[PDB]
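What follows is the content of run_9.cif, which has mmCIF, N, CA and C atoms and all ligand atoms:
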```cif
data_structure
#
loop_
_atom_site.label_atom_id
_atom_site.label_comp_id
_atom_site.auth_asym_id
_atom_site.auth_seq_id
_atom_site.Cartn_x
_atom_site.Cartn_y
_atom_site.Cartn_z
N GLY A 13 -75.17 -8.94 80.18
CA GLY A 13 -75.60 -10.10 80.97
C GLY A 13 -74.82 -11.34 80.56
N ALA A 14 -75.11 -12.44 81.23
CA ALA A 14 -74.45 -13.69 80.90
C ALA A 14 -74.66 -14.06 79.43
N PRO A 15 -75.87 -13.91 78.85
CA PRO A 15 -76.08 -14.26 77.45
C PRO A 15 -75.24 -13.46 76.45
N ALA A 16 -75.08 -12.16 76.71
CA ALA A 16 -74.28 -11.30 75.85
C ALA A 16 -72.81 -11.70 75.96
N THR A 17 -72.35 -12.08 77.16
CA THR A 17 -70.96 -12.47 77.30
C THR A 17 -70.71 -13.74 76.46
N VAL A 18 -71.67 -14.63 76.38
CA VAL A 18 -71.52 -15.85 75.61
C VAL A 18 -71.54 -15.53 74.12
N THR A 19 -72.45 -14.68 73.67
CA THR A 19 -72.47 -14.26 72.27
C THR A 19 -71.09 -13.74 71.84
N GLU A 20 -70.46 -12.93 72.70
CA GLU A 20 -69.25 -12.21 72.29
C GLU A 20 -68.00 -13.08 72.47
N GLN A 21 -67.94 -13.92 73.51
CA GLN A 21 -66.69 -14.58 73.89
C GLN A 21 -66.82 -16.11 73.88
N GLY A 22 -68.01 -16.62 73.57
CA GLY A 22 -68.29 -18.04 73.76
C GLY A 22 -67.67 -18.85 72.62
N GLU A 23 -67.30 -20.09 72.92
CA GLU A 23 -66.71 -20.99 71.93
C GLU A 23 -67.81 -21.72 71.14
N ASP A 24 -67.66 -21.76 69.81
CA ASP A 24 -68.61 -22.44 68.95
C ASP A 24 -68.31 -23.92 68.95
N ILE A 25 -69.19 -24.71 69.59
CA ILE A 25 -68.89 -26.12 69.82
C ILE A 25 -69.69 -27.00 68.84
N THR A 26 -70.30 -26.41 67.80
CA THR A 26 -71.00 -27.18 66.79
C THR A 26 -69.98 -27.76 65.81
N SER A 27 -70.30 -28.94 65.24
CA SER A 27 -69.49 -29.55 64.18
C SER A 27 -69.52 -28.71 62.92
N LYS A 28 -70.70 -28.17 62.61
CA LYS A 28 -70.87 -27.32 61.44
C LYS A 28 -70.27 -25.93 61.59
N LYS A 29 -69.92 -25.49 62.81
CA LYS A 29 -69.40 -24.14 62.99
C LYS A 29 -70.42 -23.10 62.48
N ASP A 30 -71.66 -23.21 62.93
CA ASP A 30 -72.72 -22.31 62.52
C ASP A 30 -73.16 -21.43 63.69
N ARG A 31 -72.33 -21.39 64.74
CA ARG A 31 -72.59 -20.68 65.99
C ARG A 31 -73.92 -21.05 66.64
N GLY A 32 -74.38 -22.28 66.44
CA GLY A 32 -75.69 -22.67 66.95
C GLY A 32 -75.67 -22.98 68.44
N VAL A 33 -74.50 -23.32 68.97
CA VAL A 33 -74.30 -23.68 70.36
C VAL A 33 -72.97 -23.04 70.77
N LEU A 34 -73.06 -22.01 71.63
CA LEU A 34 -71.92 -21.29 72.18
C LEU A 34 -71.76 -21.54 73.67
N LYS A 35 -70.51 -21.79 74.10
CA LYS A 35 -70.17 -22.26 75.43
C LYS A 35 -69.10 -21.40 76.07
N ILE A 36 -69.35 -21.00 77.34
CA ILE A 36 -68.30 -20.53 78.24
C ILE A 36 -68.21 -21.45 79.46
N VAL A 37 -67.00 -21.90 79.76
CA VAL A 37 -66.76 -22.64 80.98
C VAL A 37 -66.74 -21.60 82.12
N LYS A 38 -67.59 -21.78 83.14
CA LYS A 38 -67.60 -20.84 84.26
C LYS A 38 -66.87 -21.41 85.46
N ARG A 39 -66.89 -22.72 85.67
CA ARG A 39 -66.11 -23.34 86.74
C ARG A 39 -65.44 -24.61 86.18
N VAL A 40 -64.13 -24.75 86.35
CA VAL A 40 -63.44 -25.88 85.74
C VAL A 40 -63.75 -27.15 86.54
N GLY A 41 -63.95 -28.26 85.82
CA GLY A 41 -64.22 -29.55 86.42
C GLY A 41 -62.94 -30.35 86.73
N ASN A 42 -63.14 -31.60 87.15
CA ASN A 42 -62.08 -32.48 87.61
C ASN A 42 -61.87 -33.59 86.58
N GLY A 43 -60.61 -34.03 86.45
CA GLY A 43 -60.23 -35.08 85.52
C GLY A 43 -60.31 -34.61 84.06
N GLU A 44 -59.92 -35.46 83.11
CA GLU A 44 -60.01 -35.08 81.70
C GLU A 44 -61.23 -35.72 81.02
N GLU A 45 -61.94 -36.63 81.70
CA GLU A 45 -63.02 -37.41 81.14
C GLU A 45 -64.31 -36.59 81.01
N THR A 46 -64.88 -36.68 79.80
CA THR A 46 -66.18 -36.11 79.50
C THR A 46 -67.09 -37.29 79.14
N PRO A 47 -68.42 -37.18 79.23
CA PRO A 47 -69.27 -38.36 79.10
C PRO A 47 -69.43 -38.86 77.65
N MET A 48 -69.70 -40.14 77.54
CA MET A 48 -69.87 -40.82 76.25
C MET A 48 -71.36 -40.91 75.98
N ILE A 49 -71.74 -41.08 74.70
CA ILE A 49 -73.12 -41.38 74.39
C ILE A 49 -73.56 -42.65 75.13
N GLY A 50 -74.80 -42.63 75.66
CA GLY A 50 -75.33 -43.70 76.49
C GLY A 50 -75.18 -43.47 78.01
N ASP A 51 -74.22 -42.63 78.41
CA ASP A 51 -73.86 -42.47 79.82
C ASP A 51 -75.05 -41.80 80.52
N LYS A 52 -75.25 -42.18 81.80
CA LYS A 52 -76.30 -41.59 82.62
C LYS A 52 -75.67 -40.33 83.18
N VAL A 53 -76.32 -39.20 82.97
CA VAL A 53 -75.73 -37.92 83.34
C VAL A 53 -76.62 -37.19 84.35
N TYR A 54 -75.99 -36.58 85.37
CA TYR A 54 -76.66 -35.92 86.50
C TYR A 54 -76.26 -34.45 86.48
N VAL A 55 -77.23 -33.52 86.41
CA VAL A 55 -76.91 -32.10 86.36
C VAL A 55 -77.84 -31.30 87.28
N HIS A 56 -77.37 -30.09 87.65
CA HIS A 56 -78.22 -28.98 88.02
C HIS A 56 -78.13 -27.95 86.91
N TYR A 57 -79.25 -27.24 86.67
CA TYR A 57 -79.32 -26.24 85.62
C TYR A 57 -80.34 -25.14 85.97
N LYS A 58 -80.12 -23.97 85.36
CA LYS A 58 -81.11 -22.92 85.23
C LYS A 58 -81.19 -22.57 83.75
N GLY A 59 -82.41 -22.34 83.27
CA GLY A 59 -82.58 -22.05 81.87
C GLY A 59 -83.63 -20.97 81.71
N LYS A 60 -83.54 -20.25 80.59
CA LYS A 60 -84.45 -19.20 80.25
C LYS A 60 -84.46 -18.98 78.74
N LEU A 61 -85.55 -18.35 78.29
CA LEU A 61 -85.60 -17.78 76.96
C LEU A 61 -84.65 -16.59 76.98
N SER A 62 -83.99 -16.30 75.87
CA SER A 62 -83.00 -15.22 75.92
C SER A 62 -83.66 -13.88 76.25
N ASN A 63 -84.94 -13.72 75.86
CA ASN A 63 -85.85 -12.64 76.28
C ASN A 63 -86.10 -12.60 77.80
N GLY A 64 -85.86 -13.71 78.50
CA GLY A 64 -86.07 -13.86 79.94
C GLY A 64 -87.54 -14.02 80.36
N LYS A 65 -88.44 -14.45 79.47
CA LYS A 65 -89.88 -14.40 79.75
C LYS A 65 -90.39 -15.69 80.44
N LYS A 66 -89.55 -16.73 80.46
CA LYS A 66 -89.83 -18.04 81.04
C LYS A 66 -88.48 -18.50 81.57
N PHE A 67 -88.44 -18.92 82.84
CA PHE A 67 -87.26 -19.30 83.61
C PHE A 67 -87.50 -20.66 84.29
N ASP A 68 -86.55 -21.60 84.21
CA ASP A 68 -86.74 -22.96 84.69
C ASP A 68 -85.47 -23.40 85.41
N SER A 69 -85.64 -24.07 86.55
CA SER A 69 -84.53 -24.44 87.41
C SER A 69 -84.73 -25.83 88.03
N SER A 70 -83.73 -26.71 87.84
CA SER A 70 -83.68 -27.94 88.62
C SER A 70 -83.57 -27.62 90.11
N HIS A 71 -82.86 -26.55 90.49
CA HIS A 71 -82.79 -26.19 91.91
C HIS A 71 -84.16 -26.11 92.57
N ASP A 72 -85.19 -25.63 91.85
CA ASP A 72 -86.56 -25.57 92.37
C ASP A 72 -87.20 -26.95 92.54
N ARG A 73 -86.55 -28.03 92.12
CA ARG A 73 -86.99 -29.37 92.50
C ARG A 73 -86.14 -29.84 93.70
N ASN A 74 -85.11 -29.06 94.05
CA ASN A 74 -84.05 -29.44 94.99
C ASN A 74 -83.35 -30.76 94.61
N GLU A 75 -83.50 -31.26 93.36
CA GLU A 75 -83.03 -32.59 92.98
C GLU A 75 -82.42 -32.51 91.58
N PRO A 76 -81.35 -33.28 91.28
CA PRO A 76 -80.68 -33.14 90.00
C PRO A 76 -81.58 -33.61 88.87
N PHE A 77 -81.33 -33.08 87.67
CA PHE A 77 -81.95 -33.54 86.44
C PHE A 77 -81.04 -34.63 85.85
N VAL A 78 -81.64 -35.76 85.51
CA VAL A 78 -80.90 -36.94 85.09
C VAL A 78 -81.37 -37.31 83.70
N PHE A 79 -80.43 -37.63 82.78
CA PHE A 79 -80.81 -38.09 81.46
C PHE A 79 -79.65 -38.90 80.87
N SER A 80 -79.96 -39.65 79.81
CA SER A 80 -78.96 -40.47 79.13
C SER A 80 -78.43 -39.69 77.95
N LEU A 81 -77.12 -39.51 77.85
CA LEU A 81 -76.57 -38.58 76.87
C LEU A 81 -76.72 -39.17 75.47
N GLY A 82 -77.06 -38.28 74.54
CA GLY A 82 -77.03 -38.56 73.12
C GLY A 82 -78.12 -39.50 72.68
N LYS A 83 -79.20 -39.64 73.47
CA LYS A 83 -80.35 -40.49 73.13
C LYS A 83 -81.56 -39.63 72.76
N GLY A 84 -81.35 -38.36 72.41
CA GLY A 84 -82.42 -37.40 72.18
C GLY A 84 -83.48 -37.34 73.29
N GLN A 85 -83.07 -37.46 74.56
CA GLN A 85 -83.93 -37.18 75.69
C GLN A 85 -84.05 -35.68 75.95
N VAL A 86 -83.16 -34.90 75.32
CA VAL A 86 -83.06 -33.46 75.53
C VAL A 86 -82.85 -32.81 74.19
N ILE A 87 -83.05 -31.48 74.10
CA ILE A 87 -82.69 -30.76 72.88
C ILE A 87 -81.23 -31.05 72.45
N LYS A 88 -81.00 -30.98 71.13
CA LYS A 88 -79.71 -31.31 70.51
C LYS A 88 -78.57 -30.51 71.16
N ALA A 89 -78.79 -29.23 71.53
CA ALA A 89 -77.75 -28.42 72.15
C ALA A 89 -77.23 -29.00 73.47
N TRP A 90 -78.08 -29.70 74.24
CA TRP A 90 -77.63 -30.35 75.45
C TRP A 90 -76.80 -31.59 75.17
N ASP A 91 -77.21 -32.42 74.19
CA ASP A 91 -76.47 -33.60 73.86
C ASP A 91 -75.08 -33.14 73.41
N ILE A 92 -75.01 -32.05 72.64
CA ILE A 92 -73.73 -31.50 72.19
C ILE A 92 -72.93 -30.89 73.36
N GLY A 93 -73.57 -30.04 74.15
CA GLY A 93 -72.86 -29.27 75.17
C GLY A 93 -72.44 -30.07 76.39
N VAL A 94 -73.36 -30.89 76.95
CA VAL A 94 -73.01 -31.66 78.13
C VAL A 94 -71.93 -32.69 77.76
N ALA A 95 -71.88 -33.12 76.50
CA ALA A 95 -70.83 -34.03 76.06
C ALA A 95 -69.43 -33.44 76.18
N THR A 96 -69.28 -32.11 76.18
CA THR A 96 -67.98 -31.45 76.30
C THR A 96 -67.60 -31.16 77.75
N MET A 97 -68.39 -31.55 78.75
CA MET A 97 -68.18 -31.07 80.11
C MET A 97 -67.51 -32.15 80.97
N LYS A 98 -66.71 -31.72 81.97
CA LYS A 98 -66.11 -32.58 83.00
C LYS A 98 -66.91 -32.60 84.32
N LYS A 99 -66.74 -33.68 85.10
CA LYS A 99 -67.36 -33.84 86.41
C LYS A 99 -66.99 -32.62 87.24
N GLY A 100 -67.99 -31.88 87.73
CA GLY A 100 -67.76 -30.70 88.55
C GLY A 100 -67.84 -29.39 87.77
N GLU A 101 -67.82 -29.45 86.44
CA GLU A 101 -67.78 -28.26 85.61
C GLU A 101 -69.13 -27.50 85.66
N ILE A 102 -69.04 -26.17 85.58
CA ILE A 102 -70.18 -25.30 85.34
C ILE A 102 -69.93 -24.55 84.06
N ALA A 103 -70.93 -24.54 83.16
CA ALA A 103 -70.82 -23.89 81.87
C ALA A 103 -72.10 -23.12 81.56
N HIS A 104 -71.91 -22.09 80.71
CA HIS A 104 -73.02 -21.34 80.14
C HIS A 104 -73.16 -21.75 78.66
N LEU A 105 -74.39 -21.99 78.21
CA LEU A 105 -74.65 -22.25 76.81
C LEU A 105 -75.70 -21.24 76.33
N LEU A 106 -75.43 -20.71 75.15
CA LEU A 106 -76.39 -19.97 74.35
C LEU A 106 -76.65 -20.73 73.05
N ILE A 107 -77.94 -20.86 72.74
CA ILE A 107 -78.45 -21.81 71.78
C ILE A 107 -79.40 -21.17 70.78
N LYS A 108 -79.05 -21.27 69.47
CA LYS A 108 -79.95 -20.89 68.40
C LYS A 108 -81.11 -21.88 68.28
N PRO A 109 -82.25 -21.45 67.71
CA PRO A 109 -83.43 -22.29 67.66
C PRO A 109 -83.21 -23.61 66.95
N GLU A 110 -82.29 -23.66 65.97
CA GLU A 110 -82.08 -24.88 65.22
C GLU A 110 -81.59 -26.02 66.13
N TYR A 111 -80.93 -25.69 67.24
CA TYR A 111 -80.46 -26.71 68.15
C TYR A 111 -81.32 -26.78 69.43
N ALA A 112 -82.47 -26.15 69.40
CA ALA A 112 -83.43 -26.23 70.50
C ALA A 112 -84.80 -26.68 69.96
N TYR A 113 -85.76 -25.74 69.81
CA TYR A 113 -87.14 -26.06 69.45
C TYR A 113 -87.52 -25.56 68.06
N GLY A 114 -86.59 -24.89 67.36
CA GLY A 114 -86.76 -24.60 65.94
C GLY A 114 -87.91 -23.65 65.62
N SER A 115 -88.38 -23.72 64.38
CA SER A 115 -89.44 -22.81 63.94
C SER A 115 -90.77 -23.22 64.54
N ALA A 116 -90.97 -24.51 64.83
CA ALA A 116 -92.20 -24.96 65.42
C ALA A 116 -92.34 -24.44 66.84
N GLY A 117 -91.23 -24.33 67.54
CA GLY A 117 -91.26 -24.04 68.96
C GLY A 117 -91.90 -25.19 69.75
N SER A 118 -92.39 -24.88 70.95
CA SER A 118 -93.02 -25.86 71.83
C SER A 118 -94.04 -25.12 72.68
N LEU A 119 -95.05 -24.62 71.98
CA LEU A 119 -96.08 -23.77 72.55
C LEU A 119 -96.98 -24.59 73.45
N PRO A 120 -97.48 -24.01 74.55
CA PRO A 120 -97.32 -22.60 74.83
C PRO A 120 -96.07 -22.19 75.60
N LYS A 121 -95.19 -23.11 76.02
CA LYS A 121 -94.08 -22.63 76.82
C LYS A 121 -92.94 -22.02 75.98
N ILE A 122 -92.67 -22.53 74.78
CA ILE A 122 -91.54 -22.01 74.03
C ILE A 122 -92.05 -21.50 72.70
N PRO A 123 -91.80 -20.23 72.32
CA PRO A 123 -92.26 -19.73 71.04
C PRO A 123 -91.39 -20.22 69.89
N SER A 124 -91.92 -20.04 68.70
CA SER A 124 -91.21 -20.23 67.47
C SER A 124 -89.87 -19.49 67.48
N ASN A 125 -88.84 -20.12 66.98
CA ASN A 125 -87.57 -19.46 66.70
C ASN A 125 -86.96 -18.85 67.97
N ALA A 126 -87.03 -19.59 69.09
CA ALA A 126 -86.55 -19.07 70.35
C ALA A 126 -85.05 -19.39 70.55
N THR A 127 -84.29 -18.39 71.02
CA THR A 127 -82.94 -18.58 71.52
C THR A 127 -83.01 -18.85 73.02
N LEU A 128 -82.27 -19.86 73.48
CA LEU A 128 -82.26 -20.29 74.88
C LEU A 128 -80.86 -20.09 75.47
N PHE A 129 -80.87 -19.86 76.79
CA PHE A 129 -79.69 -19.75 77.60
C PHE A 129 -79.77 -20.74 78.77
N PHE A 130 -78.67 -21.46 79.04
CA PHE A 130 -78.60 -22.28 80.24
C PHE A 130 -77.29 -22.05 80.99
N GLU A 131 -77.39 -22.19 82.31
CA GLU A 131 -76.26 -22.48 83.16
C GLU A 131 -76.39 -23.94 83.58
N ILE A 132 -75.33 -24.74 83.34
CA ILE A 132 -75.35 -26.15 83.68
C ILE A 132 -74.18 -26.53 84.58
N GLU A 133 -74.47 -27.30 85.64
CA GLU A 133 -73.46 -27.92 86.49
C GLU A 133 -73.51 -29.43 86.26
N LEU A 134 -72.37 -30.01 85.83
CA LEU A 134 -72.29 -31.45 85.65
C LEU A 134 -71.87 -32.06 86.98
N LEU A 135 -72.80 -32.76 87.62
CA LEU A 135 -72.57 -33.30 88.96
C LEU A 135 -71.85 -34.64 88.87
N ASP A 136 -72.30 -35.47 87.94
CA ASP A 136 -71.73 -36.80 87.79
C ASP A 136 -72.20 -37.40 86.48
N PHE A 137 -71.51 -38.46 86.04
CA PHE A 137 -71.98 -39.32 84.97
C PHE A 137 -71.44 -40.73 85.15
N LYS A 138 -72.23 -41.71 84.70
CA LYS A 138 -72.02 -43.10 85.06
C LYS A 138 -72.29 -43.87 83.78
N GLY A 139 -71.54 -44.95 83.59
CA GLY A 139 -71.71 -45.84 82.46
C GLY A 139 -73.07 -46.49 82.53
N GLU A 140 -73.65 -46.67 81.35
CA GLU A 140 -74.87 -47.44 81.12
C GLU A 140 -74.77 -48.81 81.81
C1 LIG A 201 -90.34 -28.07 76.20
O1 LIG A 201 -90.69 -28.51 77.50
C2 LIG A 201 -89.90 -28.17 78.55
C3 LIG A 201 -88.71 -27.43 78.45
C4 LIG A 201 -88.01 -27.09 79.60
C5 LIG A 201 -88.52 -27.48 80.84
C6 LIG A 201 -89.72 -28.18 80.96
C7 LIG A 201 -90.42 -28.53 79.80
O2 LIG A 201 -91.63 -29.19 79.90
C8 LIG A 201 -91.58 -30.62 79.60
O3 LIG A 201 -90.30 -28.52 82.17
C9 LIG A 201 -90.10 -29.79 82.83
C10 LIG A 201 -91.10 -29.92 83.96
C11 LIG A 201 -88.72 -29.95 83.40
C12 LIG A 201 -88.29 -31.37 83.39
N1 LIG A 201 -88.03 -31.84 82.04
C13 LIG A 201 -86.88 -31.87 81.35
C14 LIG A 201 -87.20 -32.34 80.10
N2 LIG A 201 -88.52 -32.63 80.12
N3 LIG A 201 -89.04 -32.31 81.29
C15 LIG A 201 -86.31 -32.65 78.94
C16 LIG A 201 -86.88 -32.33 77.56
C17 LIG A 201 -87.20 -30.88 77.29
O4 LIG A 201 -86.20 -29.95 77.83
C18 LIG A 201 -85.04 -29.84 77.20
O5 LIG A 201 -84.63 -30.62 76.39
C19 LIG A 201 -84.23 -28.68 77.80
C20 LIG A 201 -82.95 -29.26 78.40
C21 LIG A 201 -83.13 -30.04 79.66
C22 LIG A 201 -83.75 -29.15 80.69
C23 LIG A 201 -85.06 -28.51 80.20
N4 LIG A 201 -84.98 -27.94 78.83
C24 LIG A 201 -85.77 -26.93 78.44
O6 LIG A 201 -85.85 -26.66 77.26
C25 LIG A 201 -86.70 -26.29 79.47
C26 LIG A 201 -87.01 -24.83 79.09
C27 LIG A 201 -85.74 -23.97 79.12
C28 LIG A 201 -86.01 -22.52 78.81
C29 LIG A 201 -87.09 -21.88 79.67
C30 LIG A 201 -88.36 -22.71 79.57
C31 LIG A 201 -88.07 -24.18 79.97
#
```

What do you get writing this file as structure tokens?
Ligand SMILES: COc1cc2cc(c1OC)O[C@H](C)CCn1cc(nn1)CCCOC(=O)[C@@H]1CCCCN1C(=O)[C@H]2C1CCCCC1
Amino acid sequence: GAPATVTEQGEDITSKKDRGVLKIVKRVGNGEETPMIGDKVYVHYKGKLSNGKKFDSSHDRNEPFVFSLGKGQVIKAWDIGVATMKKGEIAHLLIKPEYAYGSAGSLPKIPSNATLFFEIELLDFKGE
């Protein structure tokens, strides 16, 4: 599946090189610019537990998910991963618990020590 392909072929985009956040680019974006901390970022995404037991989609709102990068509005893996993406890019991320919800988890929706998978489309980003 997509998660196994990321485990085997995905690029380790963590500073520590601890394989906590693995990325495959699925569709190449436009320009060389990736967003800065503070930037308002617009995405579509699908996400799941790597077990597949809970599935979440911005598409089911029919509206993009918007957040400010690097302000801890999202799990650490998103601040790291979306920061590497270009306008128009689609990427897959596989995420160890340390860069998501950790040992505590986020019950009842996310269990302790959960690995997460996302597909993310970067639609746009705009300066603060
Ligand atoms: C732990 O709680 C949730 C996790 C996730 C979705 C959740 C959620 O309930 C708050 O439903 C919301 C209704 C969706 C809108 N949204 C985004 C965030 N907060 N709300 C941003 C903060 C929390 O989410 C995250 O940081 C990540 C990245 C951004 C998209 C959503 N994220 C998730 O972790 C999903 C999660 C993915 C795996 C399957 C279960 C849902």

From the list A:94, A:18, A:78, A:112, which residue is nearest residue 54 (chain A) when using only C-alpha atoms?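 Of A:94, A:18, A:78, A:112, the one nearest residue 54 (chain A), counting only C-alpha atoms, is A:78.
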
Around ligand LIG 201 (chain A), at most 5 Å away and counting all atoms listed in the file, which residues are there? Put them as a ChimeraX atom specification, please. /A:59-61,66-68,85-87

Can you list, as a ChimeraX atom specification, every protein, DNA or RNA residue that comes within 8 Å of region 25-40 of chain A when you count only C-alpha atoms, leaving out same-chain residues fewer than 4 positions away? /A:18-19,21,89,92-93,98,100-111

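Look at residue 125 (chain A): the protein and nucleic acid residues within 7 Å of it, using only N, CA and C atoms and passing over chain neighbours fewer than 2 places away, are residues 108, 109, 110, 113, 114, 115, 116, 117, 122, 123 and 127 of chain A.
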
Kindly export the residues of the current selection with N, CA and C atoms, as a short mmCIF file (atom, residue, chain, number, x, y, z; two decimals), in the coordinates of the input.
```cif
data_model
loop_
_atom_site.label_atom_id
_atom_site.label_comp_id
_atom_site.auth_asym_id
_atom_site.auth_seq_id
_atom_site.Cartn_x
_atom_site.Cartn_y
_atom_site.Cartn_z
N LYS A 108 -79.05 -21.27 69.47
CA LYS A 108 -79.95 -20.89 68.40
C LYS A 108 -81.11 -21.88 68.28
N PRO A 109 -82.25 -21.45 67.71
CA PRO A 109 -83.43 -22.29 67.66
C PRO A 109 -83.21 -23.61 66.95
N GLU A 110 -82.29 -23.66 65.97
CA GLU A 110 -82.08 -24.88 65.22
C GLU A 110 -81.59 -26.02 66.13
N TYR A 113 -85.76 -25.74 69.81
CA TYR A 113 -87.14 -26.06 69.45
C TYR A 113 -87.52 -25.56 68.06
N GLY A 114 -86.59 -24.89 67.36
CA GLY A 114 -86.76 -24.60 65.94
C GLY A 114 -87.91 -23.65 65.62
N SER A 115 -88.38 -23.72 64.38
CA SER A 115 -89.44 -22.81 63.94
C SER A 115 -90.77 -23.22 64.54
N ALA A 116 -90.97 -24.51 64.83
CA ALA A 116 -92.20 -24.96 65.42
C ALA A 116 -92.34 -24.44 66.84
N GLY A 117 -91.23 -24.33 67.54
CA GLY A 117 -91.26 -24.04 68.96
C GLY A 117 -91.90 -25.19 69.75
N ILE A 122 -92.67 -22.53 74.78
CA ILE A 122 -91.54 -22.01 74.03
C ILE A 122 -92.05 -21.50 72.70
N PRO A 123 -91.80 -20.23 72.32
CA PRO A 123 -92.26 -19.73 71.04
C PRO A 123 -91.39 -20.22 69.89
N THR A 127 -84.29 -18.39 71.02
CA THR A 127 -82.94 -18.58 71.52
C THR A 127 -83.01 -18.85 73.02
#
```
